Amino acid sequence: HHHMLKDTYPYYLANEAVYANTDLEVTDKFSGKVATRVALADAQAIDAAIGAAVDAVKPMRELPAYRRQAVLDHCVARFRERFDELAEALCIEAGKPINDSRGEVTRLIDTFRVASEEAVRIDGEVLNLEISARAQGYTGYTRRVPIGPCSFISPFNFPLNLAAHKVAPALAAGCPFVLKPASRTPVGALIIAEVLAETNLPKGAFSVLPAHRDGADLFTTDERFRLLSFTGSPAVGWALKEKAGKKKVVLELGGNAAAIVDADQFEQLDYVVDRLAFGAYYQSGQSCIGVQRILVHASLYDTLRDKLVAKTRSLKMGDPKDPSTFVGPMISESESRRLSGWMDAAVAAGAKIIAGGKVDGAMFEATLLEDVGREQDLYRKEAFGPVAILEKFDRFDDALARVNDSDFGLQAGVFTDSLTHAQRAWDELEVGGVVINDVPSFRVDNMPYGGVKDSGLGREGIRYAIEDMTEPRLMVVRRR
Amino acid sequence: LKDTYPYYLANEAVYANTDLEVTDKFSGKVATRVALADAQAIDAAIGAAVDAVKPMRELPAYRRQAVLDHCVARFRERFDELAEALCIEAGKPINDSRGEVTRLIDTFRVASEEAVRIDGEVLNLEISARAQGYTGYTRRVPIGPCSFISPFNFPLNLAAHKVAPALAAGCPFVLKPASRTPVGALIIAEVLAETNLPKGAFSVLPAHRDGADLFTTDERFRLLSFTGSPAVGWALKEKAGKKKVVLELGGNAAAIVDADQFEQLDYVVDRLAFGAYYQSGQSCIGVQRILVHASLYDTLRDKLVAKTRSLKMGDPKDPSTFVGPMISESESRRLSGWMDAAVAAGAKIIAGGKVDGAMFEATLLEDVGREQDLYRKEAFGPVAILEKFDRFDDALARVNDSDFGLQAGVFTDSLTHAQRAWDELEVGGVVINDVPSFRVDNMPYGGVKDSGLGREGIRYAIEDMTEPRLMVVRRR
Amino acid sequence: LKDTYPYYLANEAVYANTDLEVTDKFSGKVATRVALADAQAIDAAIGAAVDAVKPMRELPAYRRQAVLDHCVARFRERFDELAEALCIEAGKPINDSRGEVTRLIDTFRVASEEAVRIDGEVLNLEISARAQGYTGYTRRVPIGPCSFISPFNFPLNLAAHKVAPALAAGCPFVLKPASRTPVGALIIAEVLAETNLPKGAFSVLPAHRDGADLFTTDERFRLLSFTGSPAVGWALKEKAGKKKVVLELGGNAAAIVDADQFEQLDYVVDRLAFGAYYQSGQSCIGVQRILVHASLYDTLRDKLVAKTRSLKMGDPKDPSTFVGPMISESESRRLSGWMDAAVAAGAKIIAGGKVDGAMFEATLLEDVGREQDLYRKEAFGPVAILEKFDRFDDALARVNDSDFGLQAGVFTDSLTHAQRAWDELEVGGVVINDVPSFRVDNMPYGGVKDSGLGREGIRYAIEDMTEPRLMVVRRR
Amino acid sequence: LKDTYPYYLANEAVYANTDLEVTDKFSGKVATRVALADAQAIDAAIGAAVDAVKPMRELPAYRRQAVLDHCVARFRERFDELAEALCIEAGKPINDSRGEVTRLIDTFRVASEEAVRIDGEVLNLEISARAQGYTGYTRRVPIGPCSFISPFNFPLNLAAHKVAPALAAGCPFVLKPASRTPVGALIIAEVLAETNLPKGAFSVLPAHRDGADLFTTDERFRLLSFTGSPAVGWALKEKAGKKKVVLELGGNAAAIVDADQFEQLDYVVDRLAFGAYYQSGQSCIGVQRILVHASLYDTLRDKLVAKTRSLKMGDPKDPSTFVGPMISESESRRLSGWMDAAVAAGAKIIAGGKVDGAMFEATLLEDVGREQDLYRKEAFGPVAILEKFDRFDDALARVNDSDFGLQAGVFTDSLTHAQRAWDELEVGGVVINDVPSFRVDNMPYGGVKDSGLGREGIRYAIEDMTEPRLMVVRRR
Ligand SMILES: NC(=O)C1=CN([C@@H]2O[C@H](COP(=O)(O)OP(=O)(O)OC[C@H]3O[C@@H](n4cnc5c(N)ncnc54)[C@H](OP(=O)(O)O)[C@@H]3O)[C@@H](O)[C@H]2O)C=CC1
Ligand SMILES: NC(=O)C1=CN([C@@H]2O[C@H](COP(=O)(O)OP(=O)(O)OC[C@H]3O[C@@H](n4cnc5c(N)ncnc54)[C@H](OP(=O)(O)O)[C@@H]3O)[C@@H](O)[C@H]2O)C=CC1
Ligand SMILES: [Mg+2]
């Protein structure tokens, strides 16, 4: 350990640091103390950033692929150099257990490395257009042109890697961008910005501007932005789509992800239980694909329940700086009170707490319930905390229907060795991604990732983000 | 035309009323009457589309293909009927109407081919030790019920660019054609009704814009795909709610004639006259602005004035007619007013200029200021403007001097200039050695800036009408 | 059958002689006589193919498609003629002959679709400062004249897998069908002669192997694509010279029945009988070896013995015949000799076993030693061997215990076992939940080890029948 | 250079002997001595490769990438050592030796990128009712042990174009470098020996052609990939047996200068001189023939004569040297004999023309008859021929007037002419606005006609070093 968190941070306006004020206090989410103060961007700074992004469109578009790759490679190298600094910043400002903070910094590097690879292979097509006599002598050629200035909004819980899934493809694609990180967790994004400020990018290629939601209207409504890409809560995301105007909108939202445990899993129950506990309680359940609902075949239910109760009770809660901590604080006392209120309501309606259940401020222990009615808020809304619900099924198709019994559809997991059941799940689960033999909580950063129903609109993963951040431009050549 | 047409509700002909009168756009007389859908019928169609989602999703690729092949065969069989219906209800010259029916067949044939090759990917996910043992598999799943809205000017082929990919992708859909030209869509519906598609796979429902709110707002639709005016399309995007939105809109397309074109001027002029005046300029990629290098401007002008004056205006049923009626006297009046204002501000009519009701002759102007409505707004009529340039980059800048960006054309033999145009023209498509008005129905097609959001062409519409669904398999 | 057939030399029928007698493979009587091409005719065909290279290359994609579509339509109209000819000259049961004609049509249909989507790539080449300003563009150019050799058992469809992609790719070709079954190829040629292909686009020339050296050695062919026995194919590769060589050969295909299959044994047994005995085992992916988990062996054995005994042997013109004659008495003698040797070494015939001329009953043995010719060589007749395993990995190793590697089948519901089989089976294709005998005509298809070199299936044949041609453009 | 180098047998350095002397190609003195592999060592290497097939196949993609990344990092650290070794053993001017080390790194970097994206396809197989319920999944499986042979002139980068894709694809390989230039390959081997690759993943074995039969004939190799002279490559294809063969050979590359190039002549002349005389013309895409439009022939000739005469010849250790020694006096004598014959038949030397041992001046000739050896065979030395044309199609015909077809270059700004050249030049690659001598290491690269069979460039080499393995899954 060597402490590198600064007492103050600037924001980044058109690639350069501005120590405009110290008005945004960032707390340590475990101690509650102010850990650092960062510059808060007002609407004039946001407007200036957008104008600079417009001016950077042509210089960014003209940057050759290998230069964009070199920028991304510089980031990769510097993130590796500053690995412990990034991990500690994440631990402090998100209250994220240090082991898992280190894991997210590894993902940040992974995401930029995928972007570095994809930056030099944004290919096009030579299209046969001679499909009829009228088109004799015509040929098509395609390319992907950067869409223009992009507006990026990211959430508190994976602040490094979810910013990376917008920033890194934008650089690969050649788009200027303005990123607004979560005000509770801005420091990681500002370290990313400091690293980018070391590169030769054209001025206006990027701004990173902390701003509260109530001062952030221009990120959605300014017509100079050609894309809004938002990662955050469904309630916010769908509201911003309505206000976005002409720009393209990409939404990465939330859900109440389910895992199914099939009848053939007896011999690997310890593996299953370990992955269920990871998915339900990693980062205290503050994951957009955290396991919230667990559907277990009746033949295995009692044995799995005993094992999962024991595993859940074994998880260490406490200071996220402690490398033995698995369950750190929830992001605020108000979020803990929201979830504990839903838990109380489920219990009042007949549910039973079978592991955990103690809440002390933002310290919510890993908690497991059964007999939760499907009508309950704890069942149907996004828990976003260290609570999971255990339920029983007989017929695989009933398990699938109950996974789908939701407003949401981000990912689902199925522990099965049956080809028939895996195929049926792929056919029938209305989700962005179906995970076989692991929890829905799995993501690798090159894969297409996103939700359907109320959980999203579009996909991230570097290739898919590049597609959204570019416009195809066809050239038709006529030969006579 | 038949005396009356039904609408199609969940694959079924319903003779609900005869309330929508469709006029012959040349004679002005009522040519047919068709059933007008009310909100109850639209709601029932949407509910039926929801119930058809699973049966459509389960329809095998080769059966979706067979449905598309049946349409192709019947459109060939009914070619003259379709072309004459187009001629009547759109006032479209019969030669151009036949051209559109040929394209209707082309569009469905591309869809037939694409229906059986909606492939996915086996993705390497082992990019780090954490992901050892994981593999990805992808497929495209139908997005769900689709809402389709189409315009008056290509009533068969632009409906086809939504209907045919929806069938290939496995989506139920509800199509609202233009009230001025609904018969083509209703003949497409009649042919689809012959097939064994599951009930609720399709509805085709005439409705006026003021009775069509549910096509935009109903949350059971997962996609709205709109083809029509920019003013309407951007307004509907604001009201669509959660659904995906695809927009195919309009523009003021330009053609550049480079300094190396002197020996090809007769070809260039023929294509300019085609692009500016085909279907009386009622094309979303009609040539509206012509930028010509100063070195050959005067020769091109003489030839283009002569060509424009040679174009025959009159009854669209006459095969010799090139310029038929505009869609209404009010649209002709709108364009004539813009022309008058440009002349009042200093422009000069150098060919044509006579307007009589909806009969607007092929017209060419010079000295149109770039601030004029005739320059900047979508003319959608048989008027083109001619202007001069010296430097190629100035021509490119002036093409881009617009709210719009659908397609642009560049007549050049210079690799350097073609490459520069591809780099710099902010449009969906750049056409080299033909006008921007060229489209072949498999190509990616659409606009940027105020001209659109997304692409049509069968492959690209299938992408919008499906959701990727990843399956990650972990081996331990 | 007509009394005589011509051969086709540079698109035209030539009734050169009646020197090749084609027998009815069930009655033994001469059914027709066809013209036999000598080396002078083969040489002339090659020269004509060279002269047709440029006109074939300049044929637009939609014209190549139209040629293929004409074949599809005419094969449909001549369906019964084609099936009856195949039934007579191959002794193929009429139901399976009709099934092959359907495949012939489907193979040409896939080629028709692919003919208009032979796309290329726009490649980013700016991977370093040295390559700043360079871009790559690719296309596929026809490779040139192609030499095609096809076998007796699927004479229509295996010719189609060379002819149809050649037409889609723009290659002139010269096809030598099997002398035992040349008529189907000559009907295909007659249909092609109705199209307006440039003269020299195709020749179809019956010739015996000992008069066929030019098909391998002539340097004017740029590709030899051979479907036939491994002994011949590997020997032709050695003699081919500079040309590209594609080989589609044979094997001793295996099916594994996993421990989880008890509830679907009737399905498994039905597919095993189909794969082992369809066309009397005269299939390059016929089931020859059946490995069954010990826990299910006795139940499957009883069901498979009963199923095998139920198969009707006899006249292939009878639609109830499943087991028709083998292609000749000499081939029946070959297989009967291997069967006798296996029994002498301890094997047991548990169903069938009677041989009378070319009429070889559907036959099942157990206790066949892995050293036996019946185990290790290509049976190509209505014999299958049944063996037992305990460990899934042992089953996989025993599938691989072979010179060959075309396809293998695994009946399993285990993801773990399906994945392991995909990892470990050294074959071109692994079929899960069906026999190795399955093929659909768009899929990549071929062998590794001694079973082949390269892949057919339309897309993959087009790749072999074309050369990529890169255009690098430098901007500075 | 070190005093001695070992060879690498199954990943390990073996100082077996010092029997292969490597000379400094400028001084002629022995610069180092390396271990020469005999048949026993080659056979041991092949057996070890066979044993490494399964461990190499099971290496996860990210581990193969890490191996490649280790190579990139160490090549950067050892950049000067690699460049000096190449300068000495090939006589390659130090500036250009440094350039080839940069290419070595670039080639491994492309391979590192491609190693983690060897994706497959999820194929729709439901193209007919018979195939209802079937789906296809593909993967690329390493082909097995690969035999690699590389030439003297780009010994680092051409070894890299085999070694790096083999590692990305998961194939064990045995590489035989050119005996005249083995040190660079042995440094690559030393770096690979630092990685944790399974034993038998690689061997690098110097051996003379007369002791190298097993590299072509041993049946345990599944692929021979040969880069070298056409006379050798086509001969090895005849002897290869069943294995797949890939050939990267030579040619007599041409550059066309079109009529529109007057304002660019200094750029054109600089690139022509570079392409003709880089590494003293010892390049498989060196410019040998220069076709110039009559309208600017005299001006180009004057400029190219002056540029050619300005090139500095001498010690390749001097950074100012561009024309170093040819690889041997025997090769110099070969080319000077062809030059003498051309002059005796009427050609004129207009620049250079003098030869002193292996020091052959940059030399330009006119009036070389198309029949001459200097015109038609591969010069592989610092000689270029200048000729005149009036019609672009005639220039294209004359480029094609050759046994060869690797790459051609065309300096033109005409879209029409660039398209015609892409249509008509029978070469692997057409370069627009640069010489045929351009290559970037990700692009598809290779020859047609006598110049090659197949393509290198990382993606394309991976395709040849893998077999597709289809998994068909049936759902009922
Ligand atoms: N990008 C493309 O592919 C093309 C685009 N176009 C564009 O189409 C326009 C010309 O067509 P036009 O028919 O006049 O266009 P409109 O925008 O006037 O109408 C198009 C369609 O939208 C419907 N519509 C209009 N307002 C609403 C509303 N509030 N809610 C629901 N539906 C509504 C119309 O209904 P109704 O008329 O029945 O009331 C009609 O079906 C031009 O701008 C042209 O560029 C044309 C061809 C090609
Ligand atoms: N991979 C695949 O797609 C398939 C492969 N096969 C394989 O085909 C074989 C059965 O067919 P079959 O006809 O008996 O095979 P053969 O190898 O006996 O004959 C195949 C073709 O090759 C010709 N031929 C044989 N020797 C030569 C030669 N020296 N030069 C030129 N041509 C020659 C034959 O001519 P002719 O007979 O006229 O003398 C015939 O046209 C089996 O091994 C089977 O596995 C079958 C079907 C599918
Ligand atoms: Mg600290």
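Note that ligands are numbered from 1 as they come in the structure, with each ligand's atoms numbered from 1 the same way. Proteins come first, then strands; the chains are lettered A, B, ... in the order of their sequence lines, and each starts at number 1.
- A heavy-atom separation below 4.0 Å is found between B:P177 and ligand 1.
- A:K33 and A:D28 are not joined by a salt bridge, as no carboxylate oxygen comes within less than 4.0 angstrom of a charged side-chain nitrogen.
- The closest heavy-atom contact to atom 6 (N) of ligand 1, among the options B:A212, B:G251, B:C284, comes from B:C284.
- Using a 4.0 Å cut-off between a side-chain N of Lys or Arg and a carboxylate O of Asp or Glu, A:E88 and A:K321 do not qualify as a salt bridge.
- Heavy atoms of B:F215 stay at 4.0 angstrom or farther from ligand 1.
- For the pair C:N153 and ligand 2, the shortest N or O to N or O distance does not fall below 3.5 Å.
- Within the 4.0 Å heavy-atom cutoff, B:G233 does not count among the residues contacting ligand 1.
- Ligand 1 has B:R180 within reach: a non-hydrogen atom of the residue lies less than 4.0 Å from it.
- The pair C:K243-C:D218 fails the salt-bridge criterion, with no side-chain N (NZ, NE, NH1 or NH2) lying under 4.0 Å from an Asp/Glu carboxylate O.
- The environment of CZ in C:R334 is crowded: more than 12 heavy-atom neighbours from other residues, nucleotides or ligands sit within 6.0 Å.
- Of the heavy atoms in C:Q282, none comes closer than 4.0 Å to ligand 2.
- Under the 4.0 Å criterion applied to side-chain N and carboxylate O atoms, A:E93 and A:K29 are not assigned as salt-bridge partners.
- For ligand 1, the atoms closer than 4.0 angstrom to any heavy atom of B:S229 are 8 (O), 9 (C), 15 (O), 16 (P), 17 (O), 43 (O).
- Using a 4.0 Å cut-off between heavy atoms, C:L249 contacts ligand 2 through its backbone alone, with no side-chain atom that close.
- Look at B:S150 and you'll find a heavy atom under 4.0 Å from some atom of ligand 1.
- Here the shortest heavy-atom distance to atom 7 (C) of ligand 1, taken over B:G250, B:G428, B:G228, B:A253, belongs to B:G228.
- B:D403 has no carboxylate O lying under 4.0 Å from a charged side-chain N of B:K449, or vice versa, which leaves the two without a salt bridge.
- Using a non-hydrogen distance threshold of 4.0 Å, C:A207 registers as a contact of ligand 2.
- The pair B:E456-B:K162 meets the salt-bridge criterion, with a side-chain N (NZ, NE, NH1 or NH2) lying under 4.0 Å from an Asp/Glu carboxylate O.
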